[PDB]
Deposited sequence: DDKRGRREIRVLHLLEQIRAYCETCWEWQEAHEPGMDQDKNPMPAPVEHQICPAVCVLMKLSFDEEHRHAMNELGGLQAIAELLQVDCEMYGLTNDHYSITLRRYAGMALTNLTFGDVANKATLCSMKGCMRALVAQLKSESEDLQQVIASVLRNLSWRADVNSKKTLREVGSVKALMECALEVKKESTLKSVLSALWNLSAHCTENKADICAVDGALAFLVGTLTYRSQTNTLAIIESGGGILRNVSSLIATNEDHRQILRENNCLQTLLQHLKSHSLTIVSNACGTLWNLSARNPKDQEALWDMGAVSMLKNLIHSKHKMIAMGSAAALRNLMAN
């Protein structure tokens, strides 16, 4: 039976966590995960989380909570270890949390309500393991997509935004950057504080502008779309900040945004329209540059787009130039 199999595995990691918490109570030695064949149990649980029916059995047996607790406790016990076994364990746990959070309202809220785990998740963004960083950003991505108000507050309070922005300036692999930026894309929409935090990170704006012309030799637009989506979101705050505007000017942001108007990707066009909406508002200097770069002609043919953001964004930008 699926259910007995899932129960077995869940009981295994609960009993291990119980051991770990008992050790923690002590201000009698430290338990070891290898000793309890914990990584294999998580591994199977991870594999099974790709299957809908097994996911369902997990949800009936509080699987999410159990896997989250394990991740939390291993993070608290060993910190930012480079040990292969504990990193593996954390990866598999995170992959399973990702699978169980996707599209699941109740699971997302449950995970965010687990404060200690949320703190552990965020701390893992400073792990030297890019694979682990990728997985954690995947969890944060799901938790931040269409979240309820309390979850949005929690995600902000545990320092997700600054940790993700710093992580983005640092990561070496395109695959890691992709999920880091995806999560930032979601989070940057949530509140104005998140936007300020992104803009506050030294070099963040230059970096974001750089993603607009990212040389994706993996033949995708993922980085352009994500980086530019973050930029669109924080652009509303950039608009009110002369120094930040200047950083954009120094990296030819406006010029590039105009070329994104010609992109075949509706996501890209949509992002650029939103960004131009904000940057073309109440700034003679940038309005003037936009006029001189031929923005009007590029924007007028987008006002009838079927995509609401492109239509409104381009129309609003056009009106900002015409006023």
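Judged by missing C-alpha atoms, the gaps in the deposited chain sequence fall at residues 1-5, 33-40, 337, listed in sequence order.
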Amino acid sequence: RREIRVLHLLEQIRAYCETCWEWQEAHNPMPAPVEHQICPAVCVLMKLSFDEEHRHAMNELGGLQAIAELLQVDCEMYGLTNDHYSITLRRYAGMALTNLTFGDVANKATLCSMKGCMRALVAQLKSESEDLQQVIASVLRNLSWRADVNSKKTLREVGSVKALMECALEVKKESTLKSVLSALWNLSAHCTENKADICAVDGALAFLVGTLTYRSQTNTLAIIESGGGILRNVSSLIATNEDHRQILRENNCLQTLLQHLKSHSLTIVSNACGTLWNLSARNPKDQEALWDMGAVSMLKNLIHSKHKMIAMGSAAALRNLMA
From here on, numbers count along this sequence of modelled residues.
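For the pair 80-88 and 193-201, the mean B factor over Cα atoms is greater in 80-88. Set 206-214 against 134-142 and average the Cα temperature factors; 206-214 ends up higher.
In this structure the maximum Cα B-factor among 273, 279, 70, 289 is found at 289. For residue 182, the recorded CA B-factor ranks within the middle third of the chain. Only modelled residues enter the ranking. Placement of the Cα temperature factor of residue 99 within the chain: middle third of the modelled residues, per the deposited record. When the CA B factors of the chain's modelled residues are split into thirds, the value for residue 121 lands in the lowest one. In the deposited entry, the Cα temperature factor of residue 222 places it in the highest third of its chain's modelled residues. The deposited CA B-factor of residue 105 belongs to the highest third of values across its chain.
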